[PDB]
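So the structure is just underneath, and the comments pick up after that.
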Amino acid sequence: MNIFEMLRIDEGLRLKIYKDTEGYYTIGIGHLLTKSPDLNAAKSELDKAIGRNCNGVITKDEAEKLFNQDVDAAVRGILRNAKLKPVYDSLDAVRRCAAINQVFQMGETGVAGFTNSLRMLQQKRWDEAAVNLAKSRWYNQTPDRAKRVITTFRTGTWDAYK
Ligand SMILES: CCO[C@@H]1CCC=CO1
C-alpha cells in the first residue's frame with residue numbers, strides 16, 4: 001500500500017464526467033473539475049486540464065496523469081502550509097498518507113477547523129486525535145472513507161485498506 005493505491009481505493013476511477021459526493025463535476029481518480037452546476041463549465045475545465053477537446057471523456061492514462069499531478073500538488077500544498085507542515089513532518093510515513101488523503105479530499109480551506117485534531121496528531125495522542133477527527137462534517141458526510149483515514153491516523157498501519 002502507498003498513497004496512490006490508497007486514494008485509488010477511496011476515489012475510484014471513472015473515465016466520464018460524474019458528480020462527486022458533494023454533487024460537483026469530477027473525472028478520473030477524484031479530479032474535481034468545478035463547483036459550477038454548469039456541465040459546459042466542467043467540460044471547459046476538463047479540456048484545459050488535458051490540453052485537447054475531450055467532450056467529457058478521458059483515457060485511463062489521462063486519468064492517471066491528472067492523479068499524479070493532484071497527489072503532487074496536495075503534498076506540496078501541505079509543505080507550503082504553515083499550520084500543516086510541522087504536523088506533517090512530525091508524522092511517520094503511513095500517517096503522512098492519511099494527511100495527504102484528507103487534504104486531497106477536503107483541500108486546505110478548513111484547516112483552522114482541524115486545529116485541535118492537528119495538535120493531538122503532533123502530540124502523538126492517537127486515540128484522542130481519532131475521536132476528535134470524527135467530530136466533523138467530513139466524518140458525517142463520508143463516514144466509511146473517514147473511518148478508514150482515521151484508522152490510518154490512529155494506528156499508523158494500513159489495516160483499514162487490507
Ligand atoms: C484537511 C487538512 O486539515 C488536516 C490535515 C490532516 C489531518 C487533519 O486535518
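Heads up, header says this was done by X-ray crystallography, 1.3 Å.
Any Cβ shown, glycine's included, is placed from N, Cα and C.
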Ask   = Same substrate site as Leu32, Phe104, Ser117 according to Swiss-Prot: which of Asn40, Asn132?
value = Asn132
Message = Taking the Cβ of each of the binding-site residues and counting other Cβ atoms inside 10 Å, which one has the highest number: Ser117, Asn132?
response = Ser117
Ask   = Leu32, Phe104, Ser117: which of these binding-site residues put a Cβ within less than 6 Å of any ligand 1 atom?
value = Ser117
Query = Near the Cβ of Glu11 (active site, proton donor/acceptor), how many other Cβ atoms are there if near means within 10 Å?
reply = 20
Key: Cβ neighbours of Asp20 (active site, proton donor/acceptor) where a neighbour is any other Cβ within 10 Å   = 18
